[PDB]
Amino acid sequence: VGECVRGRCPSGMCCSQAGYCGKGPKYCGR
């Protein structure tokens with residue numbers, strides 16, 4: 001979160017095209 005940690009995310013978060021992890025349209029969509 002913030003970064004996708006080595007490409008991973010914490011509990012149910014998603015990874016954006018920018019290598020940044022969070023929850024929302026640009027994270028779980030694109």
# chains A, B, ... in the order shown; residues from 1 in each chain; ligands from 1

call {"tool": "residues_around", "arguments": {"residues": "residue 9 of chain A", "least_positions_apart": "4", "cutoff": "10 Å", "atoms": "only C-alpha atoms", "output": "MDAnalysis selection string"}}
result
chainID A and resid 1:5 13:15 20:23

call {"tool": "write_last_selection", "arguments": {"atoms": "N, CA and C atoms", "output": "PDB file, in the first residue's frame"}}
result
ATOM      1  N   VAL A   1       0.867  -1.202   0.000  1.00  0.00           N
ATOM      2  CA  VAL A   1       0.000   0.000   0.000  1.00  0.00           C
ATOM      3  C   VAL A   1       0.888   1.231   0.000  1.00  0.00           C
ATOM      4  N   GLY A   2       0.504   2.262  -0.754  1.00  0.00           N
ATOM      5  CA  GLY A   2       1.494   3.152  -1.352  1.00  0.00           C
ATOM      6  C   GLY A   2       2.119   2.362  -2.490  1.00  0.00           C
ATOM      7  N   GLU A   3       3.324   1.819  -2.322  1.00  0.00           N
ATOM      8  CA  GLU A   3       3.894   0.821  -3.238  1.00  0.00           C
ATOM      9  C   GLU A   3       3.099  -0.511  -3.224  1.00  0.00           C
ATOM     10  N   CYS A   4       3.049  -1.224  -4.360  1.00  0.00           N
ATOM     11  CA  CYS A   4       2.815  -2.672  -4.395  1.00  0.00           C
ATOM     12  C   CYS A   4       4.103  -3.398  -3.963  1.00  0.00           C
ATOM     13  N   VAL A   5       4.171  -3.869  -2.714  1.00  0.00           N
ATOM     14  CA  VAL A   5       5.401  -4.387  -2.086  1.00  0.00           C
ATOM     15  C   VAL A   5       5.875  -5.640  -2.814  1.00  0.00           C
ATOM     16  N   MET A  13      -6.575  -5.238  -0.781  1.00  0.00           N
ATOM     17  CA  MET A  13      -6.174  -4.135  -1.668  1.00  0.00           C
ATOM     18  C   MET A  13      -5.705  -4.637  -3.044  1.00  0.00           C
ATOM     19  N   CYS A  14      -5.536  -3.707  -3.985  1.00  0.00           N
ATOM     20  CA  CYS A  14      -5.281  -3.960  -5.402  1.00  0.00           C
ATOM     21  C   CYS A  14      -4.113  -3.096  -5.921  1.00  0.00           C
ATOM     22  N   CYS A  15      -3.470  -3.513  -7.023  1.00  0.00           N
ATOM     23  CA  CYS A  15      -2.238  -2.912  -7.548  1.00  0.00           C
ATOM     24  C   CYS A  15      -2.461  -2.197  -8.894  1.00  0.00           C
ATOM     25  N   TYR A  20       1.672   1.014  -7.709  1.00  0.00           N
ATOM     26  CA  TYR A  20       1.156   1.545  -6.451  1.00  0.00           C
ATOM     27  C   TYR A  20      -0.146   0.839  -6.060  1.00  0.00           C
ATOM     28  N   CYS A  21      -0.250   0.476  -4.783  1.00  0.00           N
ATOM     29  CA  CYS A  21      -1.266  -0.376  -4.186  1.00  0.00           C
ATOM     30  C   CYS A  21      -2.208   0.426  -3.285  1.00  0.00           C
ATOM     31  N   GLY A  22      -3.505   0.128  -3.388  1.00  0.00           N
ATOM     32  CA  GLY A  22      -4.587   0.810  -2.682  1.00  0.00           C
ATOM     33  C   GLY A  22      -5.938   0.146  -2.952  1.00  0.00           C
ATOM     34  N   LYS A  23      -7.034   0.870  -2.706  1.00  0.00           N
ATOM     35  CA  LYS A  23      -8.397   0.412  -2.998  1.00  0.00           C
ATOM     36  C   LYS A  23      -9.170   1.522  -3.710  1.00  0.00           C
TER      37      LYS A  23
END

call {"tool": "select_by_dssp", "arguments": {"residues": "chain A", "states": "strand (DSSP E)", "output": "compact mmCIF listing (two decimals) with C-alpha atoms, in the first residue's frame"}}
result
# COMPACT_ATOMS: atom_id res chain seq x y z
CA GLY A 2 1.49 3.15 -1.35
CA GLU A 3 3.89 0.82 -3.24
CA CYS A 14 -5.28 -3.96 -5.40
CA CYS A 15 -2.24 -2.91 -7.55
CA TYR A 20 1.16 1.54 -6.45
CA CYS A 21 -1.27 -0.38 -4.19
CA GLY A 22 -4.59 0.81 -2.68

call {"tool": "select_by_dssp", "arguments": {"residues": "chain A", "states": "helix (DSSP H, G or I)", "output": "VMD selection string"}}
result
chain A and resid 25 to 28
